[PDB]
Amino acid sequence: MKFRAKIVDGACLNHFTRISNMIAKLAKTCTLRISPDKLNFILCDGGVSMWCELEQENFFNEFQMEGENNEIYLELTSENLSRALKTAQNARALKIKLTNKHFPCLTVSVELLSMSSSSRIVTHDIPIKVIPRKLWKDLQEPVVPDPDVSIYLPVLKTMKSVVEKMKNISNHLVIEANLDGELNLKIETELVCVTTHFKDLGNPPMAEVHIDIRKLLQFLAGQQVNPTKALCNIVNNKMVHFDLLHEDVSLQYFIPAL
């Protein structure tokens, strides 16, 4: 197995860190799929699943890997990566490279520049867990069938504030979406009932779900900026699929019910 990436562009470097901070809040342990074309953060279990598409040729300046089957499935703790990328903010260059000194790791070498002529270097050895070809099939992108309703999602900031306050009421939550772009958030206890009504949400090309508010709140927390694409695909049965595409980074989130 081979893997050597390298980032130099500031905008990309910082933006890459943002992505790690996000996934660190959506999953304690994730799976990193290394493809010659793109990178992916995957996980599946509460049976929530996450799929993060990332165009490699849009972040790194130098990139190369080796699988016949050019592809690598690594299992790492999200926290370890984020902390490793935290010091790469005011950094000059970033070099992530698959290693195996003491044990299979993902070395994240960082070059920090300063008023000193001598270059500062910080290396992180992220413990890795290579997944056999046997499970390669169970870590593929989740399937999005025929959404009973496909409505555009309101500003996440507002939706988040509402979910926050509703969590202090009940652990359950009913999300409803119509055709005239009407998204509703309903919580009901034997003492207090709260219902929020959104309207005018497009959906060019009713469905209720009883998911727990605790996991819905997790999804809205990871987002620190308004996505350039917010779709809420609902299946009246027991599924809520969120499709985001901020810039060139795709994010798919799935939340079951019952």
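Residue indices: 1-based, along the sequence shown.
Quiz item: Would you class the number of unmodelled deposited residues between residue 45 and residue 46 as none, 1 to 3, 4 to 9, or 10 or more?
Solution: Some 4 to 9 residues are missing between them.
Exercise. Between residue 67 and residue 68, determine how many residues of the deposited chain lack coordinates; answer none if the chain runs continuously, otherwise 1 to 3, 4 to 9, or 10 or more.
Key: Per the deposited record, the segment joining residue 67 and residue 68 lacks coordinates for 1 to 3 residues.
Quiz prompt | Mean Cα B-factor comparison, 116-124 or 76-84, giving the higher one as deposited | solution = If you average the C-alpha B-factors of 76-84 and of 116-124, the larger mean comes out for 116-124.
Quiz prompt | Residue range whose averaged C-alpha B-factor is higher in the record, 219-227 or 25-33 | solution = Per the PDB entry, the higher value belongs to 219-227.
Self-check item: Residue selected from 173, 106, 179, 130 by maximal Cα B factor
Solution: Max CA B-factor in the entry, restricted to 173, 106, 179, 130: 179.
Quiz item: Which is it among 157, 137, 97, 165: the one with the largest CA B-factor in the entry?
Solution: Comparing C-alpha B-factors across 157, 137, 97, 165, the top value belongs to 137.
Quiz item: Where does residue 110 sit by CA temperature factor within its chain: lowest, middle or highest third?
Solution: Lowest third of the chain for residue 110's C-alpha B-factor.
Practice problem: Taking the values exactly as deposited, rank residue 7 by C-alpha B-factor within its chain and report the matching third: lowest, middle or highest. | Solution: It belongs to the middle third of the chain when residues are ordered by C-alpha B-factor.
Quiz item: Going by the entry, which third of its chain does the Cα temperature factor of residue 18 land in?
Solution: Within its chain, residue 18 is a lowest-third residue by C-alpha B-factor, going by the deposited values.
Quiz item: Taking the C-alpha B-factors as the PDB entry records them, is residue 169 in the lowest, middle or highest third of its chain?
Solution: Middle third.
Self-check item: Modelled-residue ranking by C-alpha temperature factor, third containing residue 213
Solution: Lowest third.
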